[PDB]
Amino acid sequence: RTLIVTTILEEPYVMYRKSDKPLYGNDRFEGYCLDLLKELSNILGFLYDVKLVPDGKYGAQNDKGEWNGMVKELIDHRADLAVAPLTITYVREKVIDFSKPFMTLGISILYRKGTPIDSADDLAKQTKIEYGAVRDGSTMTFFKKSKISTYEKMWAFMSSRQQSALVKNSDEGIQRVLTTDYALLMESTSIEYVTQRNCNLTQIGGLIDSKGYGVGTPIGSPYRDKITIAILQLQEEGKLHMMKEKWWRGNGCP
């Protein structure tokens, strides 16, 4: 039987394909994660239906501690796999079973080119430049939970004024960096994609932490360890590197 795969639109992982006619089914989509799912299905021999997560969220807890997003789909057995840039975090790994990482990344800073700002510390010790993150994503959660001095300071700033420095999604954050005096705390793999495409933006500093994206499965899933092995195969054969180059390469920026 066919596996149900929950996912979410996010460039260049999952995108609607361009066509002159309405699209249906898996043919609606392309991107890094679709290529990954193709290669996993060729190794393991499953068929799959891709289904966008109905609430359009990744996965976080409400005040009752109930989950939402892709994470909740897995928990409730409404999906067999989640294939998306879903960050492997302590809070999520308690409730679902992630494969080992297919991509390795960290939080970093997206900002304008040409400025004296060089680090998170540089941001934290001032108030003129605004800075934030996507609300309720793993980056925000990192700042909220940190007991490291600099990151707390930054959290105090981000959460101030009813979280006015936060944004609902990455595209809103990018447009805010492009238009106003604002820096976005963003996952490094997304910064790499953005800066290959808008030449006035750059990454500031290095990575603030280290983590991965993994395929999500419900706790107890027999597919988890099989997908880990298939990922390690694809990594060792250079295929994951090829897939990243295909989807990230931009040809217009210095």
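Quick note: we count residues from 1 along the sequence shown, nothing fancier. Superpose the two forms; the largest set of C-alphas matching within 1.5 Å is the rigid core.
Annotation: of the segments 139-147 and 96-104, 139-147 departs further from this form in 9 other deposited structures of this protein (C-alpha atoms, root mean square over structures and residues, core superposition).
Taking the rigid core as the alignment reference, the C-alpha atoms of 21-29 lie farther on average from the displayed form in 9 other deposited structures of this protein than those of the other stretch among 21-29 and 7-15.
Here the stretch with the larger average CA B-factor, out of 202-210 and 225-233, is 202-210. For the segment pair 107-115 and 120-128, the entry gives 120-128 the higher mean B-factor, averaged over Cα atoms. Considering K72, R92, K144, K168 together, the PDB entry gives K144 the largest C-alpha B factor. Ranking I174, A82, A156, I96 by Cα temperature factor from the entry places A156 first.
For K51, the recorded CA temperature factor ranks within the middle third of the chain's modelled residues. Ranked by Cα temperature factor within the chain, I8 sits in the lowest third according to the deposited record. For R78, the recorded CA temperature factor ranks within the middle third of the chain's modelled residues.
In the PDB entry, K18 places in the highest third of its chain by CA B-factor. Placement of the Cα temperature factor of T189 within the chain: middle third of the modelled residues, per the deposited record.
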